[PDB]
Amino acid sequence: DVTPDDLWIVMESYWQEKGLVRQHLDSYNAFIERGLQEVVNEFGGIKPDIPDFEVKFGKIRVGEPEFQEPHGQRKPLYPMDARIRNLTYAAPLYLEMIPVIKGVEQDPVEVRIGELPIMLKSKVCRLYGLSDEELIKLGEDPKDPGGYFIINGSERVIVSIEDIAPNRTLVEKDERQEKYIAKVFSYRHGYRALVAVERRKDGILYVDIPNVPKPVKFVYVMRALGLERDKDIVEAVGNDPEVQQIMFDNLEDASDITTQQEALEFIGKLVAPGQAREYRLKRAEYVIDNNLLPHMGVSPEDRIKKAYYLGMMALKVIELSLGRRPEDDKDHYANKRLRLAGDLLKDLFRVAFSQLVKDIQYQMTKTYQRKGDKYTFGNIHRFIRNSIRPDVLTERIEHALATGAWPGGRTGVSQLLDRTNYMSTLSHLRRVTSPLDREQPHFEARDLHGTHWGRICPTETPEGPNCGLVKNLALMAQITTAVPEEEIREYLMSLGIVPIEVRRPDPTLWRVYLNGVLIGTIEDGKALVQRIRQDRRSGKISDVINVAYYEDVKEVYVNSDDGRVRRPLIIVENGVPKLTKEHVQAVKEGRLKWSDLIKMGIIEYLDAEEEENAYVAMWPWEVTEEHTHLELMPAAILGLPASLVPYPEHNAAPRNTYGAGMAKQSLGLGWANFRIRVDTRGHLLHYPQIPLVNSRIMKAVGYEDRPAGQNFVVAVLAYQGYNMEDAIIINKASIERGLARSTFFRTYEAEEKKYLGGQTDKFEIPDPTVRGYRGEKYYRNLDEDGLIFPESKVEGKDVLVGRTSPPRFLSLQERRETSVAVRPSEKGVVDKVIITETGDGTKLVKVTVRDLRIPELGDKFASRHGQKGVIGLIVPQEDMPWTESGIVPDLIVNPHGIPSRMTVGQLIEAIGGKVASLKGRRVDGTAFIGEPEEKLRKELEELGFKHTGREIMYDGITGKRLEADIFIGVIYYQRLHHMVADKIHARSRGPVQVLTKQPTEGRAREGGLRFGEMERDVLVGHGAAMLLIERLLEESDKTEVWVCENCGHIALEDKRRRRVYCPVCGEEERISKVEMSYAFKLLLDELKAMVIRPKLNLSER
Amino acid sequence: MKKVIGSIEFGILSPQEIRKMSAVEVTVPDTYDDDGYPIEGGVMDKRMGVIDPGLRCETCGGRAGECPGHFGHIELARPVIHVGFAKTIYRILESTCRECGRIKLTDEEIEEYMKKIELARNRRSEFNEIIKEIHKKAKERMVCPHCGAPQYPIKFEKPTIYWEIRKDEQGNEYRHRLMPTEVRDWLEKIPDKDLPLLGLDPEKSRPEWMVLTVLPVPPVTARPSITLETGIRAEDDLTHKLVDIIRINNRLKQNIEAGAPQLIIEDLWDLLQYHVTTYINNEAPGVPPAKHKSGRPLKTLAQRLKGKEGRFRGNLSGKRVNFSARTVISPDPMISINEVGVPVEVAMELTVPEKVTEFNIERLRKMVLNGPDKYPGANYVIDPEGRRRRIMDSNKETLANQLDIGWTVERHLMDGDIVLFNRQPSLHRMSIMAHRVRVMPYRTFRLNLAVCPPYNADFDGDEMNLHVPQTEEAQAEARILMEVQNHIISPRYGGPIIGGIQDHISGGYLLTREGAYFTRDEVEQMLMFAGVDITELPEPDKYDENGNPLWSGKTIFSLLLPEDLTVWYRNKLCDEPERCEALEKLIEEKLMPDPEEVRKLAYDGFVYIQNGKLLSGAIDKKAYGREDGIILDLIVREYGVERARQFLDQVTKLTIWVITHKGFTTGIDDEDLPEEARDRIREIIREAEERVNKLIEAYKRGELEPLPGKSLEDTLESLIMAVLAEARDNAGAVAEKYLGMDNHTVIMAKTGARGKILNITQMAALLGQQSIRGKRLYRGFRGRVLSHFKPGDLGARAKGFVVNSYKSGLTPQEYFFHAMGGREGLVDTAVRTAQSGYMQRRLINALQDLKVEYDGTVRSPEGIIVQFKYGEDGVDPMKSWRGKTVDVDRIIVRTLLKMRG
DNA sequence: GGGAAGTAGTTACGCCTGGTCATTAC
RNA sequence: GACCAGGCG
Ligand SMILES: [Mg+2]
Ligand SMILES: [Zn+2]
Ligand SMILES: [Zn+2]
Ligand SMILES: [Zn+2]
């Protein structure tokens, strides 16, 4: 037989062979191999206005990753070099152009059209296939999984958008009317079109088309595509007698009123109202051609197929009305497809190439018109080569990848990579985001779904408004690529399916769909689906094909596109799983791998469609004859960070969510090459440790090699108030011995920029004469070349690099001091100094500062069970209680926090950790398979202690034992990066905004806090008017304004003769002074900017 | 000398005012020359102001930081229509004669409507209703009653296009466009005698001024320029829009002067009108918004005044302040409730100005000598003239000698100063209170624990702000009106809000329970720790073996109560009510019972205090907890705030000491039920699940009478849910029964300190049914929630029921159901707050101005009486006795007890 | 006239971190 | 200075 401990061996090979970032690398490889060629072949060629010239496109190739120096040479590039020098890791692109003269092709030529960024560790990157020591020699961490870009020295990652199905038909119903709306999205060359057909109280079918405001009737739009005879419409749509009667009711609006061209006249009248009569026909024909179901083609010949598809949509609409089909569910995962890098990059490349071809056309036309035909035909190769500007492609791709604003209005496609530690980066590389708007409630979209089982982690999600709309992939999830569709269609046509054109559907015949479109009918689909799936199991066809059927409507669905999310399962036949013990043995030895298991037919992938027909058993001892599949490992449905929590089934869901989210913030050894690596911020834990109680998944995924957190001796006891309300108490001697000690990094950058002309910057110790020269104390440890010596102490406002800018035009002959200095509220020691050259010849220096941080009051500590707090008091060792066996607690936690949160897993982990430490072996706590509690309690009883986990302690001050036994154990704890040293802030006086003369904003620039409106309301509610006057006016902008009393305008004061007079009216005696806030003066000025005139009436006192 | 603004009046600027107030005319569409100086005649001309240092404004002298700026004007080539007054122009045009300027009304109607407008003019809605009738009745008339003349209808198309419908023939009509040069001439002829009928004002609002002829230019200071470090200039959007307008105007003027076909000027005119319309407002209906070079739509005058970042809600209502600080908070129970701990780093940065007098010259002179780097010191000194001088290491020994009467010194914070403490969001009025400063070495704010509830704060990463008043009036207002001890009673419901929390109740129960006894050293140590002034221990209560004296907990607790207090009630620990009845009878029969008789019949469910001696009962949340406290409520209403503060401090510290040394903990064995309890729970769950399949099969075979509300299925669902809820309650009953009071979790839950019984029954028994929006789980596959169940299943466990406890673990299906149920709390807490805050904003913006006059009436600012007596008896809810105007029985009882003794 | 139907206006408060801009053809 | 993305209560 097979026990759950055996399936773990098989499950390990999946991660050992495939990895964790497959959905990026596979998609990018598919894009590289085929996407570029398809995009190039879409355009065809260039048609300039030259009388006898035309260019045809050939092949496209991608070169090696290289960089070109400004002086001309081109040399190889490596990722660390690109990161340090703030360059872009890209490779050149080559294209073949075939000149055509007078209709005869010439010999081809090859030109470079630009550069393309390269995904790290892809099939074309320089790091592909290298060994561990090769990566070590190159400065890379072998644990790095890859799958991100390097843009201008920064690391960018592309998240996956959760779009809707690309060609399916979805029906629904709204309550504001009786409309039975069926809407589809049609995709062709990146263009999205929305088409809807529906009925209403009139009973007449109506159609909505983009760029057509009026909902033209159904028969009118059908007759525009031909088949005017009334028999043709009914034959096209359906054959049910009730449907026949409904259609006879529908026809009378257009059956004997219009013909094929008359409907064209109506459409032309609507699309072009009041325009030229001939204009209307062409406009209507254009709209019909390339705005109605574009995915069926834009040629005028495809109108019959378009009419058939529209008739099918209308048939679905009317079938909803009679209650022959339940309404579709939008949140069901069979209706949603993911967007990966290979398609977003395809769209971006498409738009960039579309710009480039037009630019080339313009350049060629202008050059030929100016120079003349003799120059163009003298050397055609040179004429083609020198007319290409390869920057419009590179710059447009790079800017879009850098900013993150995709063409088409989408935002947030590209994000900065989170490099706090291992778990943060690994979880960030597996994100899934929704395109909905954040502010709206979206009650239906944020809820969990039954189809999410095995495809989406149910516990890892943000906490704010982003809850529900951002999710993470599960561990068993597998994304799919796309296979060619023509081969699949011609294979499907060869086993009994008749074409749709030859035979009309009828209620006794099954329907067959391929990727959402109808292709034919068959007399028996129950045998067809079995044959197709058996062929897939045998190995005749690819495994990306999934087949499902619904007998209520007599339909069969076949899917072969990319973007689906699938999970693996074990095939069960005749109540016996197909996996045997010898298979597990062969996998363990190494003779058999996961791919071979897939090929042999033991394990198959199921998407959301096939799972409708399945009946999955959970445990190997629960299978019977009815079951069709066996679950591999239930513990793997959780995401990556959510799998760290030991005994996750003993806690409340919000606490598990808090722990999973908080596991991405703890300090620890992130990557091995942190010393060389240049980052804006960084952290390091001095003595990381492996958790004593852990899940077996973390060992497999490599978490044990980059841990984060330490084990504490925790006693659950109520101390003297200082640990109340989620506060913790820490021992002092433990801190003095290295517990929870960490270091903080920060990098500064300076550049010797070049200006317009001979003006330039310079690295130099500033002279006392130059403007803005700081005190000579600050330039204390700068070497004469202008750079600071390493390993020298620095305080706030100290200068790291001395730079003198050219003089600012009004000050002549006076250089400006623009040195780079440490932040005003930081402190540390210089660690390393790097000198290098940028991509255009300018010098560049980078300096890092190292600071040591010891725990103090306010620092945030948190376990992995969702319990968080801050240090309340630090206690000397001799004051802490001690157990009668010789143990002194390392941490104290209030017992009031346990019952409300109901985190029993923390107590379980404490008992297990103490038992593991006593026994000298780690304890397994992997979800539903870990060691049971009673076994741990019995083992603890055997080892000599008490089964309840309690002990006897003595008071550390009085010196006598307490009246109650105290729970005590060992618990894993983590230190978050929200330290108090980065939050303290105070302001008395400082810089102000230029426009409003109010204090600036932000801790970084000595800003001030904001006194919001509810604070004003609170002050009003107390009744302190003078406090309001002081806070809102005295400590903010305040000014004196001269006001003309006779006319109400603001007077003018002249410094040249100390005379004050009103400009609009000649008044010089009634001028008075008023005290008001500057912001109100700006408001008065802005009101006077418009034609509104505010008049002021003064009063005494 | 100093005046104040009394009133503000609004109107429309005439071209004469614009041309008179302007200081320069702008003609050149450029800002800066190659050197960097402003171009003469450009949009950055020096006459309109100076920003860059080193330049002087020749209009008023001044410098780069003391010149307020001056206006400019542009002479438009041809008039254009102001977009803000677009609809009003249409309403005026379609309600007046086309060629005489008179209104479409007769004299009798004019008099009748003037007599109506005369009254009810101060109101808004009535005055707007009156105007609509005039427009509606004058729109229909097609012939002027004053002069015989035909009229034509007018069509208005957004945003600034007017159409006139004229008849070419009887059956043929063509539409004519009205260019602004005709609309202005038409509007210029309306007499001012009938303007009030249209709703305007002849003195300062004239119809012909709505069509612009000259456009003002805001000064330089209203659109600053920022110089980038790269050398390129950054300019505001208004500058770009004005440059475009000037260029278009210049081209149109040149084309007009040089002569051109009508189709050229009639297109440049439209372009200029579009540019002006976008300049005034960039979100006008039916017009493509102007787009910047980066693709972002531009910000303009209309956008600066609206939104959450506009000039009204962004700067005027709230603005950033100067003297403030921000940091994390940590608990500190050793300070009194009206104090706050301040880091020495912050205390040396914020300063409090002080004026030197004859009673503080010595301390100030001592402080100045310490300089700005030792803790007690100062940073600045102000001479009587007004000069500000910085204290330095080379100036302190001589500046401390020049100090004399009249000077000002900006010293550091000391113990005794008063500051404002705030936590955001500020939900009610108790979110801001004043505290006394107390300096601490470390770098976190220290807060007493009994002050947490009003702030709603918790020590898990929270932060708070601190503000320091600067003027003596502000300090006095904060000291008198904003003290912490003045806000013990909540104004919402007239009950205590500041009180014990968490351990302050558990320690009290441990101290005052039955059988508690203490030795001499513990009693002396706790009394010294609490701060009680005692110099002699009372008589011992009982003797242990070897003759060790012992004191009871009630005797120790009685030392904090005032001497003449007397009260009795029943707390939450009442289990058997047949034993409190005897005590109530004994109290009723004789108003002052013999203490021995009461001590013989003591019970934890009945609290009784007689002349400051606690005779029976135990401490609970009803003693001094929030919104339930009785002793605190009596103390604050009969002895004063100071006595309440002293009692609060002493009781909190005593309870903390009691809980610290006796020991208090919880473990995993606190949810260990015996075998028979588990068997009973299993049988209950079994029968509950069994009696649902019968209902399911009954519904499957008809045989079920539906409830009249909805169809049969909903009735089946309701019955199933009721059965499951009753099952969960019944299962929880036995778990409650089999856990005694000795368990620490039961102690911590039944006294209201933390948690509730539902947590206990969820931890030690089945979780129960999960639901979303009040209905069972139904999302998922067609006919089933999960793939592991047969389609079309309505069983108990197949749609959400969980038969496991948190201790016994959950199967994967139950785990998924629990996560599905738990997502709802997070989404609800994310969603509700937005509409809650919007409603609070509306309510606070509607009811802000209502005061209470000296007559007791509540009046609106205009003077309208809202209430003739606040509430209906003039009683402040904060000072009421739990809503009641006065508690009669308490007064009667206390007076009778005082006299009959 | 009283039924569409099409505008028009809103959607909690702070704080922190980092990254990008701010034209181009001749 | 304005935008974008991610976090904290
Ligand atoms: Mg909190
Ligand atoms: Zn005046
Ligand atoms: Zn000036
Ligand atoms: Zn007239």
# chains A, B, ... in the order shown; residues from 1 in each chain; ligands from 1
$ select_by_dssp --residues "stretch 584-824 of chain B" --states "strand (DSSP E or B)" --output "PyMOL selection string"
chain B and resi 606-610+613-616+625+772+775+781+784
$ interface_residues --of "chain D" --to "chain B" --cutoff "12 Å" --atoms "only C-alpha atoms (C1' of nucleotides)" --output "PyMOL selection string"
chain D and resi 1-3+8-9
$ residues_near_ligand --ligand "ligand 3" --cutoff "12 Å" --atoms "only C-alpha atoms (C1' of nucleotides) and all ligand atoms" --output "mmCIF file with N, CA and C atoms, in the first residue's frame"
data_model
loop_
_atom_site.group_PDB
_atom_site.id
_atom_site.type_symbol
_atom_site.label_atom_id
_atom_site.label_comp_id
_atom_site.auth_asym_id
_atom_site.auth_seq_id
_atom_site.Cartn_x
_atom_site.Cartn_y
_atom_site.Cartn_z
ATOM 1 N N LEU A 1052 -0.871 99.256 -1.847
ATOM 2 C CA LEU A 1052 0.493 99.005 -2.283
ATOM 3 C C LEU A 1052 1.457 99.858 -1.471
ATOM 4 N N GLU A 1053 2.536 99.239 -1.004
ATOM 5 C CA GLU A 1053 3.571 99.918 -0.237
ATOM 6 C C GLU A 1053 4.858 99.951 -1.048
ATOM 7 N N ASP A 1054 5.446 101.137 -1.176
ATOM 8 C CA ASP A 1054 6.662 101.337 -1.952
ATOM 9 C C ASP A 1054 7.836 101.550 -1.006
ATOM 10 N N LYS A 1055 8.910 100.786 -1.218
ATOM 11 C CA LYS A 1055 10.103 100.924 -0.392
ATOM 12 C C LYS A 1055 10.982 102.088 -0.833
ATOM 13 N N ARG A 1056 10.803 102.572 -2.065
ATOM 14 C CA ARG A 1056 11.710 103.584 -2.601
ATOM 15 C C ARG A 1056 11.541 104.928 -1.905
ATOM 16 N N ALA B 23 -0.239 96.233 -13.434
ATOM 17 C CA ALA B 23 1.028 96.949 -13.407
ATOM 18 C C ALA B 23 1.810 96.848 -14.708
ATOM 19 N N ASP B 45 7.897 88.894 -16.099
ATOM 20 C CA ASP B 45 8.448 90.241 -16.015
ATOM 21 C C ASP B 45 8.665 90.655 -14.566
ATOM 22 N N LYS B 46 9.712 91.456 -14.347
ATOM 23 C CA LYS B 46 10.065 91.877 -12.996
ATOM 24 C C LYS B 46 8.975 92.728 -12.360
ATOM 25 N N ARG B 47 8.200 93.455 -13.170
ATOM 26 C CA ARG B 47 7.149 94.309 -12.628
ATOM 27 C C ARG B 47 6.069 93.518 -11.903
ATOM 28 N N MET B 48 5.931 92.229 -12.191
ATOM 29 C CA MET B 48 4.929 91.395 -11.543
ATOM 30 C C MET B 48 5.459 90.674 -10.310
ATOM 31 N N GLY B 49 6.727 90.869 -9.957
ATOM 32 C CA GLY B 49 7.291 90.232 -8.784
ATOM 33 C C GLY B 49 8.638 89.587 -9.034
ATOM 34 N N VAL B 50 9.325 89.196 -7.963
ATOM 35 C CA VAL B 50 10.632 88.557 -8.057
ATOM 36 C C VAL B 50 10.654 87.351 -7.128
ATOM 37 N N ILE B 51 11.299 86.275 -7.579
ATOM 38 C CA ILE B 51 11.455 85.053 -6.800
ATOM 39 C C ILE B 51 12.922 84.670 -6.651
ATOM 40 N N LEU B 55 17.438 89.713 -7.164
ATOM 41 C CA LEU B 55 16.662 90.551 -8.066
ATOM 42 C C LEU B 55 15.715 91.434 -7.266
ATOM 43 N N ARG B 56 15.447 92.623 -7.797
ATOM 44 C CA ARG B 56 14.608 93.614 -7.140
ATOM 45 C C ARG B 56 13.404 93.930 -8.017
ATOM 46 N N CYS B 57 12.223 93.962 -7.402
ATOM 47 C CA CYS B 57 10.994 94.308 -8.110
ATOM 48 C C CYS B 57 10.901 95.825 -8.217
ATOM 49 N N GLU B 58 10.972 96.345 -9.444
ATOM 50 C CA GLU B 58 10.974 97.791 -9.642
ATOM 51 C C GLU B 58 9.620 98.427 -9.360
ATOM 52 N N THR B 59 8.558 97.630 -9.230
ATOM 53 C CA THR B 59 7.256 98.201 -8.903
ATOM 54 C C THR B 59 7.209 98.675 -7.455
ATOM 55 N N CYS B 60 7.807 97.908 -6.536
ATOM 56 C CA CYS B 60 7.736 98.241 -5.118
ATOM 57 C C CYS B 60 9.065 98.039 -4.394
ATOM 58 N N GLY B 61 10.188 98.059 -5.106
ATOM 59 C CA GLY B 61 11.459 97.776 -4.459
ATOM 60 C C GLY B 61 11.478 96.353 -3.935
ATOM 61 N N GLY B 62 11.730 96.209 -2.638
ATOM 62 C CA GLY B 62 11.640 94.910 -2.009
ATOM 63 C C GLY B 62 12.760 93.964 -2.412
ATOM 64 N N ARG B 63 12.649 92.739 -1.897
ATOM 65 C CA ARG B 63 13.626 91.694 -2.176
ATOM 66 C C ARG B 63 12.937 90.434 -2.685
ATOM 67 N N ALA B 64 13.685 89.334 -2.781
ATOM 68 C CA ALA B 64 13.134 88.102 -3.335
ATOM 69 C C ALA B 64 12.219 87.375 -2.360
ATOM 70 N N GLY B 65 12.165 87.803 -1.102
ATOM 71 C CA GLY B 65 11.344 87.121 -0.120
ATOM 72 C C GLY B 65 10.354 88.015 0.597
ATOM 73 N N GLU B 66 10.281 89.289 0.198
ATOM 74 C CA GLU B 66 9.394 90.245 0.851
ATOM 75 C C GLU B 66 8.588 91.068 -0.150
ATOM 76 N N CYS B 67 8.396 90.565 -1.369
ATOM 77 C CA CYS B 67 7.567 91.235 -2.361
ATOM 78 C C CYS B 67 6.315 90.408 -2.609
ATOM 79 N N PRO B 68 5.119 90.935 -2.330
ATOM 80 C CA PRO B 68 3.907 90.111 -2.464
ATOM 81 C C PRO B 68 3.494 89.847 -3.902
ATOM 82 N N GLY B 69 4.006 90.601 -4.866
ATOM 83 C CA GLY B 69 3.637 90.414 -6.253
ATOM 84 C C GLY B 69 2.545 91.376 -6.694
ATOM 85 N N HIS B 70 2.477 91.590 -8.008
ATOM 86 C CA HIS B 70 1.537 92.530 -8.600
ATOM 87 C C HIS B 70 0.950 91.934 -9.870
ATOM 88 N N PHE B 71 -0.236 92.414 -10.235
ATOM 89 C CA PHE B 71 -1.025 91.807 -11.294
ATOM 90 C C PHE B 71 -0.593 92.292 -12.677
ATOM 91 N N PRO B 219 0.112 87.151 -10.326
ATOM 92 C CA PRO B 219 1.501 87.578 -10.124
ATOM 93 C C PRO B 219 2.465 86.401 -10.159
ATOM 94 N N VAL B 220 3.752 86.737 -10.059
ATOM 95 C CA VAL B 220 4.799 85.724 -10.130
ATOM 96 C C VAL B 220 4.743 84.803 -8.916
ATOM 97 N N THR B 221 4.439 85.357 -7.740
ATOM 98 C CA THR B 221 4.424 84.573 -6.509
ATOM 99 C C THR B 221 3.319 83.525 -6.480
#
$ residues_around --residues "residue B:93" --least-positions-apart "6" --cutoff "12 Å" --atoms "only C-alpha atoms (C1' of nucleotides)" --output "PDB file with C-alpha atoms, in the first residue's frame"
ATOM      1  CA  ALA B  86     -22.228  80.072 -19.500  1.00  0.00           C
ATOM      2  CA  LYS B  87     -25.633  78.812 -18.341  1.00  0.00           C
ATOM      3  CA  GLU B  99     -33.977  94.190 -29.878  1.00  0.00           C
ATOM      4  CA  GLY B 101     -33.484  95.145 -23.962  1.00  0.00           C
ATOM      5  CA  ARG B 102     -36.693  94.970 -21.916  1.00  0.00           C
ATOM      6  CA  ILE B 103     -37.912  91.846 -20.134  1.00  0.00           C
ATOM      7  CA  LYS B 104     -40.732  89.716 -21.541  1.00  0.00           C
ATOM      8  CA  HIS B 135     -37.737  82.343 -16.438  1.00  0.00           C
ATOM      9  CA  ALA B 138     -40.963  84.442 -19.918  1.00  0.00           C
ATOM     10  CA  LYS B 139     -39.508  81.588 -21.982  1.00  0.00           C
ATOM     11  CA  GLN B 151     -38.964  86.517 -31.468  1.00  0.00           C
ATOM     12  CA  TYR B 152     -37.155  83.249 -32.117  1.00  0.00           C
ATOM     13  CA  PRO B 153     -36.169  80.272 -29.949  1.00  0.00           C
ATOM     14  CA  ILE B 154     -32.569  79.781 -28.848  1.00  0.00           C
ATOM     15  CA  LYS B 155     -30.713  76.472 -28.473  1.00  0.00           C
ATOM     16  CA  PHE B 156     -27.722  76.047 -26.156  1.00  0.00           C
ATOM     17  CA  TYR B 162     -25.433  79.208 -28.726  1.00  0.00           C
ATOM     18  CA  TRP B 163     -27.789  78.467 -31.626  1.00  0.00           C
ATOM     19  CA  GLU B 164     -30.604  80.623 -33.002  1.00  0.00           C
ATOM     20  CA  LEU B 178     -24.520  83.853 -32.228  1.00  0.00           C
ATOM     21  CA  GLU B 182     -23.265  89.987 -30.799  1.00  0.00           C
ATOM     22  CA  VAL B 183     -24.096  88.494 -27.395  1.00  0.00           C
ATOM     23  CA  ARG B 184     -22.166  91.267 -25.640  1.00  0.00           C
ATOM     24  CA  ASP B 185     -23.987  93.987 -27.591  1.00  0.00           C
ATOM     25  CA  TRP B 186     -27.337  92.334 -26.851  1.00  0.00           C
ATOM     26  CA  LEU B 187     -26.480  92.092 -23.146  1.00  0.00           C
ATOM     27  CA  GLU B 188     -25.244  95.697 -22.979  1.00  0.00           C
ATOM     28  CA  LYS B 189     -28.743  97.091 -23.623  1.00  0.00           C
ATOM     29  CA  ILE B 190     -30.611  95.634 -20.627  1.00  0.00           C
ATOM     30  CA  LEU B 198     -33.137  88.415 -13.260  1.00  0.00           C
ATOM     31  CA  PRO B 207     -24.464  91.256 -17.535  1.00  0.00           C
ATOM     32  CA  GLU B 208     -22.031  92.636 -20.126  1.00  0.00           C
TER      33      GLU B 208
END
$ interface_residues --of "chain C" --to "chain B" --cutoff "7 Å" --atoms "only C-alpha atoms (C1' of nucleotides)" --output "MDAnalysis selection string"
chainID C and resid 12:14 22
$ write_last_selection --atoms "N, CA, C and O atoms (P, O5', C5', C4', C3', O3' and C1' of nucleotides)" --output "PDB file, in the first residue's frame"
ATOM      1  P    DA C  12     -13.198  58.416   1.214  1.00  0.00           P
ATOM      2  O5'  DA C  12     -13.082  58.322   2.809  1.00  0.00           O
ATOM      3  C5'  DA C  12     -13.763  59.272   3.625  1.00  0.00           C
ATOM      4  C4'  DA C  12     -13.069  59.440   4.967  1.00  0.00           C
ATOM      5  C3'  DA C  12     -11.586  59.757   4.893  1.00  0.00           C
ATOM      6  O3'  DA C  12     -11.391  61.157   4.734  1.00  0.00           O
ATOM      7  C1'  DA C  12     -11.999  58.082   6.541  1.00  0.00           C
ATOM      8  P    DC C  13      -9.975  61.719   4.223  1.00  0.00           P
ATOM      9  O5'  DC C  13      -9.036  61.649   5.516  1.00  0.00           O
ATOM     10  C5'  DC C  13      -9.330  62.445   6.652  1.00  0.00           C
ATOM     11  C4'  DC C  13      -8.502  62.013   7.850  1.00  0.00           C
ATOM     12  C3'  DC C  13      -7.011  62.222   7.722  1.00  0.00           C
ATOM     13  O3'  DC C  13      -6.697  63.566   8.056  1.00  0.00           O
ATOM     14  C1'  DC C  13      -7.504  60.112   8.745  1.00  0.00           C
ATOM     15  P    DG C  14      -5.217  64.142   7.832  1.00  0.00           P
ATOM     16  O5'  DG C  14      -4.411  62.905   7.214  1.00  0.00           O
ATOM     17  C5'  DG C  14      -2.987  62.914   7.183  1.00  0.00           C
ATOM     18  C4'  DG C  14      -2.414  62.503   8.529  1.00  0.00           C
ATOM     19  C3'  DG C  14      -0.984  61.978   8.483  1.00  0.00           C
ATOM     20  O3'  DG C  14      -0.080  63.031   8.783  1.00  0.00           O
ATOM     21  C1'  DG C  14      -2.396  60.352   9.466  1.00  0.00           C
ATOM     22  P    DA C  22       9.891  63.685 -19.162  1.00  0.00           P
ATOM     23  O5'  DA C  22       9.698  65.232 -19.499  1.00  0.00           O
ATOM     24  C5'  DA C  22       8.856  66.026 -18.679  1.00  0.00           C
ATOM     25  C4'  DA C  22       9.526  67.343 -18.346  1.00  0.00           C
ATOM     26  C3'  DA C  22      10.975  67.450 -18.771  1.00  0.00           C
ATOM     27  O3'  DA C  22      11.068  67.776 -20.150  1.00  0.00           O
ATOM     28  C1'  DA C  22      10.709  68.306 -16.578  1.00  0.00           C
TER      29       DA C  22
END
$ interface_residues --of "chain A" --to "chain D" --cutoff "9 Å" --atoms "only C-alpha atoms (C1' of nucleotides)" --output "ChimeraX atom specification"
/A:403-405,411-412,414-416,978
$ interface_residues --of "chain A" --to "chain C" --cutoff "12 Å" --atoms "only C-alpha atoms (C1' of nucleotides)" --output "ChimeraX atom specification"
/A:151-156,363,399-405,414-418,438-441,679-681,977-979,982-985,1001-1004,1008-1015
$ closest_residue --among "B:14, B:160, B:277, B:336" --to "chain A" --atoms "only C-alpha atoms"
B:14
$ residues_near_ligand --ligand "ligand 2" --cutoff "8 Å" --atoms "only C-alpha atoms (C1' of nucleotides) and all ligand atoms" --output "list in words"
residues 1043, 1044, 1045, 1046, 1047, 1048, 1049, 1050, 1051, 1061, 1062, 1063, 1064, 1065, 1066 and 1067 of chain A
$ atom_distance --atom1 "atom CA of residue A:114" --atom2 "atom CA of residue A:406"
19.5 Å
